[PDB]
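As a starting point, one isolated chain is supplied in structure tokens, in the form deposited in one PDB entry.
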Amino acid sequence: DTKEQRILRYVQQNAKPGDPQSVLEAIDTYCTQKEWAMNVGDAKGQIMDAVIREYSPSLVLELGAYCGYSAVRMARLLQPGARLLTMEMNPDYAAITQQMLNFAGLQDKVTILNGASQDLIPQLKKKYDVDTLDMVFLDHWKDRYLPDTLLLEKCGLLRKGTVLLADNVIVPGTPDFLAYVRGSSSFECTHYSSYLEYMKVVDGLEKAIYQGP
């Protein structure tokens, strides 16, 4: 089997069903002790939690679910009735994420869309009845951060106050996105220095709050 299947199996055998905190702990233990994986991790995860708690977003979009770690992290802090949509183009990973969410008992709060973000984002308004997004977590291919930001704005999915939170702005890095949001009068940006998941390597998150056109 694959690393991702091993992680799902480990969660299933080392966490309590319906207990998201135990699911996160199990994944963090697996990835620290057994096999590294590109989950946001606990160091950056704590920053994410602090952000989610500040803004209490009613609708969050996540680009790049992977195994569902960040989806569990975010969805567990959502208020009753609040929703997370997560896009994942790799069907194998989309299946892992759905199963991870089911195990955590968060399946009613999250929808996992199996496709490419550039194909699905234009469908959000008409097919998924989205008006605007309250928050967007960017954690997919790093060269897609800027193009999907620009696509979200073209699609009318951003509103004044929409929070963009971007992983890996240092490693692997997202130089074009970072330069763009920091230079644009349409974003107010904050850098949160942290560490690469499960590693003593500097990384960080960038928060970019959309200010309108």
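Shifts are known only where both forms have a C-alpha. Whichever C-alpha set is largest while still superposing within 1.5 Å between the two forms counts as the rigid core. In this text, residue numbers run from 1 along the sequence as written.
What follows is about the form deposited in another entry, which we do not show.
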Query raised in the report: Core fitted between the shown form and the other one: which of 40, 181, 152, 164 shows a C-alpha shift of 2 angstroms or more?
Result: 40
Query - Yes/no, residue 192 Cα shift of 2 Å or more between the shown form and the other one with rigid core fixed - result: no
Query raised in the report: residue 39 to residue 136, Cα distance in the other entry relative to here: closer or farther, by 3 Å or more?
Result: farther
Query raised in the report: Relative to the form shown here, do the C-alpha atoms of residue 38 and residue 180 sit closer together or farther apart in the other entry, given a change of 3 Å or more?
Result: farther
Query raised in the report: Upon rigid-core superposition, which contiguous segments of at least three residues exhibit Cα shifts of 2 angstroms or more between the shown form and the other one?
Result: 37-42, 195-203
